[PDB]
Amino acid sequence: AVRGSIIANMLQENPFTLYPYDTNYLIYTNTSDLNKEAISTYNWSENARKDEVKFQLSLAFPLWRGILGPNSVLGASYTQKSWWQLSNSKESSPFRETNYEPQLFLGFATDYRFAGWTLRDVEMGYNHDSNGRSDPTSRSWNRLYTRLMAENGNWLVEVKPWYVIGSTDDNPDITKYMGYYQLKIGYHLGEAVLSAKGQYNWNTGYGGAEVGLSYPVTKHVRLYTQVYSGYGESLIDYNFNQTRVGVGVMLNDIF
């Protein structure tokens, strides 16, 4: 029963109640640069705008609680990120890009304590990340990963290392830009949450950072502001660098 424990939440016991995995938000954004050369096969690409509506849905699905003892769970998750040219009525406001991220995993709610920090989540599983397109906009990669989440007072730190498995023919140099792990830091400043999510490949010099700030405006809606800077904001832009700023609303933050 811990703020930010995905798995501890999933263990909690009516049947019309869904569980979140990651953050759920809808924001209005502008990017520094639109990647028009990657989406050149789309008819509307020449007239693509830098202002878009960005949103993420993310859900956890407990399938088997107690598979490996009282504090474990066989679970699934689904994260979806979409970039939508709403203001671009000239081209019938199309979606530029969606990322679909299903996962299947074994999760453990833990309490290992070291140096003031408490390891709360240990999660191991399969991750698929694709963009739902055909050639040549198709982008896709699969990962075996471990997610480890620890908290210390107002801090939350999450490390997610992975191993790429299978084909990456659509984007074979993706690990050059994405790296082999993802770091997440949350900071709780009163009821406000400062957040940072990113990757850095130290042998290639590539990475990207997502910084955010949210605060409850009501007991229903949080205000949320986001900056993304770097490579790999979306699969179609994994090898593309830009800076994006957005404002909007959020249900859940990382803790």
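So that there is no doubt, residue numbering starts at 1 and follows the sequence shown.
Coordinates are absent for 1 to 3 residues of the deposited sequence placed between residue 13 and residue 14. Look at the mean CA B-factor for 22 to 30 and for 63 to 71 in the entry; the higher one is 63 to 71.
In this entry, 108 to 116 has the higher mean Cα B-factor, the comparison being between 108 to 116 and 171 to 179. Considering 229, 56, 45, 226 together, the PDB entry gives 45 the largest C-alpha B factor. The entry lists C-alpha B-factors for 79, 85, 146, 154, and the highest of these is at 154. Among the modelled residues of the chain, residue 209 sits in the highest third by CA temperature factor in this PDB entry. In the PDB entry, residue 93 places in the middle third of its chain by CA B-factor. Per the PDB record, residue ranking by Cα B-factor puts residue 50 in the lowest third of the chain. Among the modelled residues of its chain, residue 121 has a C-alpha B-factor that falls in the middle third according to the deposited record. Sort the chain's modelled residues by C-alpha temperature factor and residue 239 lands in the lowest third, per the entry.
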